[PDB]
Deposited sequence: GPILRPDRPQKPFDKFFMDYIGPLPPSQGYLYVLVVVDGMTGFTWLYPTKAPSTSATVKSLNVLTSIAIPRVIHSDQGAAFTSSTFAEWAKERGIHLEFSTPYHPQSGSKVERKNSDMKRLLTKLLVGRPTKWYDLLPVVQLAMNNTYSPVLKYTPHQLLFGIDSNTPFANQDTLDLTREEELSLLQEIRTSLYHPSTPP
């Protein structure tokens, strides 16, 4: 298999109103575990399509998996997916999601972090993403960023422990994610 071949996606929220945003679309690459976070106003098809058009400008996935939230089961979303050539796969009573709990724990953690920062979470979201993808996974044996961008690639970060963060609210965020993500 390959990166960008399959995505798992879900909405978290409603979150505390931060700069007018109430939800985050969480999209995870199935192979590398690389996570993209897209803040939105609603868990809607429109916002889902907006976000995924940005993501799928990089590569078009073979498959996307989600639960049956309204955003994902609409005929509009279905038509978007059909046109792009993307097969949609839903969590069904007869379909097998580990494969569910992994996502559940990370989304729980995600929600805790964002709700725990009521008015700043929107501005910190980019730091959350960055921190998650540059955190070592015991399952992977590398970080998701290493797996997407190349293990021995020269990274954008001068300091792999701080990730070139300097602000205290950001550094404590990185500390909290590093110690909670897979434990």
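Unmodelled segments of the deposited chain, in sequence order: 1-9, 107-109, 196-200.
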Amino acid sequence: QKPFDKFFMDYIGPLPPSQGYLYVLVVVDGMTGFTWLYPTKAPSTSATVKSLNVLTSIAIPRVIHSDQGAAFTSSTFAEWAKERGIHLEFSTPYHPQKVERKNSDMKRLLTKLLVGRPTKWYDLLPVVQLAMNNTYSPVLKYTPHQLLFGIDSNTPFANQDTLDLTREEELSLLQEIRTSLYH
From here on, numbers count along this sequence of modelled residues.
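Looking at 4-12 and 172-180 together, the entry lists the larger mean B-factor for 172-180, computed on C-alpha atoms.
Relative to its counterpart among 101-109 and 82-90, 101-109 has the higher mean temperature factor, C-alpha atoms as listed in the PDB entry. Ranking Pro126, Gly150, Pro118, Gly69 by Cα temperature factor from the entry places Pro118 first. Within the group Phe157, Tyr38, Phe34, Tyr142, the record's highest C-alpha temperature factor is found at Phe157. Sorting the modelled residues of the chain by their CA temperature factor places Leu114 in the highest third.
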